[PDB]
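Read the structure below first, then the notes.
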Amino acid sequence: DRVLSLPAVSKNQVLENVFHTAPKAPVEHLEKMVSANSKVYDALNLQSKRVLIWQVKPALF
Amino acid sequence: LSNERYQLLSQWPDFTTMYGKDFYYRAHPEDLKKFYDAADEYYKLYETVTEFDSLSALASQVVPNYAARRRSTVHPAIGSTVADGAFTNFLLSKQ
């Protein structure tokens, strides 16, 4: 019964309790806000090719 | 209107300042699932409030019901307050 003197908690159960959640990448906040601000650039810039300014406040010709 | 919702996503606390492993390992493992779910939730809210190309198709859900109320058989500009005040001219005159 030498196995009953070993620590009963496995090496697996350490690695699943220590690394419980996959950690958040540092660049995940950049490349998710950049792709969402590329839609703020597109719609709202006045130099974008797809601006909303001509379909929101139309024109007066 | 989509600006008034974007202005309150401007006031969201910077959760990425708590992404380090000195916050990962001090925190309860279920309060870190919730913190990583509340950060994934902000990217859901922020990527849909900046979907401004979807506002043009939302305006076409307001137009056809409005335009049918203007196709009134009485008048395009008729309303209740005029048609009530023109009932007393009809009722409180003789027959």
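Chain labels run A, B, ... following the order of the structure tokens; each chain numbers its residues from 1, and ligands are numbered from 1 in the order shown.
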Residues near stretch 52-61 of chain B, anyone? I mean within 8 Å using only C-alpha atoms, not counting same-chain ones fewer than 4 positions away, as an NGL selection string. (:A and (39-40 or 43)) or (:B and (65))
Only residues of chain A matter here; which ones have an atom within 12 Å of chain B, counting only C-alpha atoms? Give them as a VMD selection string. chain A and resid 16 to 44 50 to 53 55 to 56
The selected residues should be written to file as a compact mmCIF listing (two decimals), in the first residue's frame (atoms: N, CA, C and O atoms).
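The result, stored in selection_23.txt:
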```txt
# COMPACT_ATOMS: atom_id res chain seq x y z
N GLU A 16 -5.84 20.70 -14.08
CA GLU A 16 -7.16 21.19 -14.41
C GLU A 16 -7.72 22.13 -13.36
O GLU A 16 -8.74 22.77 -13.61
N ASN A 17 -7.08 22.23 -12.20
CA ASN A 17 -7.46 23.18 -11.17
C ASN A 17 -6.57 24.40 -11.16
O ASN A 17 -6.95 25.44 -10.65
N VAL A 18 -5.35 24.26 -11.68
CA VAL A 18 -4.45 25.40 -11.77
C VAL A 18 -4.70 26.17 -13.05
O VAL A 18 -4.87 27.39 -13.04
N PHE A 19 -4.75 25.48 -14.18
CA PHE A 19 -5.10 26.10 -15.45
C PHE A 19 -6.57 25.83 -15.76
O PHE A 19 -6.91 25.09 -16.67
N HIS A 20 -7.44 26.48 -15.00
CA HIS A 20 -8.85 26.17 -15.10
C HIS A 20 -9.51 26.84 -16.30
O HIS A 20 -10.37 26.25 -16.95
N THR A 21 -9.12 28.07 -16.61
CA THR A 21 -9.70 28.84 -17.71
C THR A 21 -8.60 29.16 -18.70
O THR A 21 -7.47 29.44 -18.30
N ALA A 22 -8.91 29.11 -19.98
CA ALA A 22 -7.96 29.54 -20.99
C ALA A 22 -7.78 31.04 -20.90
O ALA A 22 -8.77 31.77 -21.03
N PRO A 23 -6.57 31.55 -20.68
CA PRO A 23 -6.41 32.96 -20.36
C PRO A 23 -6.61 33.85 -21.58
O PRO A 23 -6.45 33.43 -22.72
N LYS A 24 -6.98 35.09 -21.31
CA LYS A 24 -7.29 36.03 -22.38
C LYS A 24 -6.00 36.57 -22.98
O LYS A 24 -5.12 37.04 -22.26
N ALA A 25 -5.91 36.50 -24.30
CA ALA A 25 -4.74 36.95 -25.03
C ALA A 25 -4.61 38.46 -24.93
O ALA A 25 -5.61 39.16 -24.74
N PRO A 26 -3.39 39.01 -25.03
CA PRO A 26 -3.26 40.47 -24.99
C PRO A 26 -3.74 41.14 -26.26
O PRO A 26 -4.24 42.27 -26.21
N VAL A 27 -3.61 40.46 -27.40
CA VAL A 27 -3.95 41.01 -28.70
C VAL A 27 -5.41 40.77 -29.04
O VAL A 27 -5.90 41.29 -30.04
N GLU A 28 -6.12 40.01 -28.22
CA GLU A 28 -7.53 39.74 -28.48
C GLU A 28 -8.38 40.98 -28.30
O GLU A 28 -9.39 41.13 -28.98
N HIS A 29 -7.98 41.89 -27.43
CA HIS A 29 -8.70 43.14 -27.27
C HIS A 29 -8.39 44.10 -28.40
O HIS A 29 -9.25 44.90 -28.77
N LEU A 30 -7.18 44.06 -28.94
CA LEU A 30 -6.87 44.92 -30.07
C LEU A 30 -7.66 44.50 -31.29
O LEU A 30 -8.44 45.28 -31.82
N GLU A 31 -7.51 43.25 -31.72
CA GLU A 31 -8.08 42.84 -32.99
C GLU A 31 -9.59 42.67 -32.95
O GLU A 31 -10.19 42.37 -33.99
N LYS A 32 -10.22 42.82 -31.79
CA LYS A 32 -11.67 42.85 -31.72
C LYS A 32 -12.22 44.25 -31.70
O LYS A 32 -13.31 44.49 -32.21
N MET A 33 -11.51 45.19 -31.09
CA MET A 33 -11.92 46.58 -31.13
C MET A 33 -11.51 47.26 -32.41
O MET A 33 -12.18 48.20 -32.82
N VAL A 34 -10.44 46.82 -33.06
CA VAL A 34 -10.03 47.41 -34.32
C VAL A 34 -11.01 47.06 -35.42
O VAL A 34 -11.41 47.92 -36.21
N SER A 35 -11.44 45.80 -35.48
CA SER A 35 -12.44 45.40 -36.46
C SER A 35 -13.79 46.03 -36.20
O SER A 35 -14.59 46.13 -37.13
N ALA A 36 -14.07 46.44 -34.98
CA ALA A 36 -15.31 47.13 -34.68
C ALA A 36 -15.18 48.63 -34.85
O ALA A 36 -16.19 49.30 -35.08
N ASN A 37 -13.99 49.18 -34.73
CA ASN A 37 -13.79 50.58 -35.05
C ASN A 37 -13.54 50.79 -36.52
O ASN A 37 -13.60 51.93 -36.99
N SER A 38 -13.25 49.73 -37.27
CA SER A 38 -13.20 49.87 -38.72
C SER A 38 -14.59 50.09 -39.30
O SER A 38 -14.71 50.57 -40.42
N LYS A 39 -15.62 49.70 -38.57
CA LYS A 39 -16.99 50.05 -38.91
C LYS A 39 -17.38 51.43 -38.42
O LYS A 39 -18.28 52.03 -38.99
N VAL A 40 -16.75 51.94 -37.37
CA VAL A 40 -16.91 53.33 -36.99
C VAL A 40 -16.18 54.23 -37.96
O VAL A 40 -16.61 55.35 -38.22
N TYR A 41 -15.05 53.78 -38.50
CA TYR A 41 -14.39 54.56 -39.52
C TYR A 41 -15.22 54.60 -40.78
O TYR A 41 -15.34 55.66 -41.40
N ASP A 42 -15.75 53.46 -41.19
CA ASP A 42 -16.44 53.36 -42.47
C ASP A 42 -17.66 54.25 -42.51
O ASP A 42 -17.81 55.08 -43.39
N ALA A 43 -18.49 54.16 -41.48
CA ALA A 43 -19.74 54.86 -41.52
C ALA A 43 -19.62 56.33 -41.21
O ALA A 43 -20.47 57.10 -41.63
N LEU A 44 -18.59 56.76 -40.50
CA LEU A 44 -18.69 58.05 -39.83
C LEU A 44 -17.46 58.92 -40.03
O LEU A 44 -17.12 59.72 -39.16
N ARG A 50 -17.66 54.45 -47.89
CA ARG A 50 -19.04 54.14 -47.55
C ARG A 50 -19.47 54.95 -46.33
O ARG A 50 -19.71 54.39 -45.28
N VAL A 51 -19.72 56.23 -46.52
CA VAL A 51 -20.07 57.09 -45.40
C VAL A 51 -21.57 57.02 -45.26
O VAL A 51 -22.28 56.77 -46.23
N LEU A 52 -22.08 57.26 -44.06
CA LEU A 52 -23.51 57.40 -43.92
C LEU A 52 -24.00 58.81 -44.09
O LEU A 52 -25.20 59.02 -44.06
N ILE A 53 -23.12 59.79 -44.30
CA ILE A 53 -23.55 61.18 -44.24
C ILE A 53 -24.44 61.58 -45.41
O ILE A 53 -25.17 62.57 -45.32
N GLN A 55 -26.73 59.42 -46.77
CA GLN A 55 -28.00 58.74 -46.65
C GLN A 55 -28.65 59.01 -45.32
O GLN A 55 -29.72 58.47 -45.05
N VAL A 56 -28.04 59.84 -44.49
CA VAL A 56 -28.62 60.21 -43.22
C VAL A 56 -29.07 61.66 -43.23
O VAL A 56 -30.19 61.97 -42.84
```
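Note that the spacing between atom CA of residue B:2 and atom CA of residue B:18 amounts to 28.6 Å.
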* To do: Just the alpha helix (DSSP H) stuff from chain A, please, per backbone DSSP, written as a PyMOL selection string.
  => chain A and resi 11-18+28-43+53-56
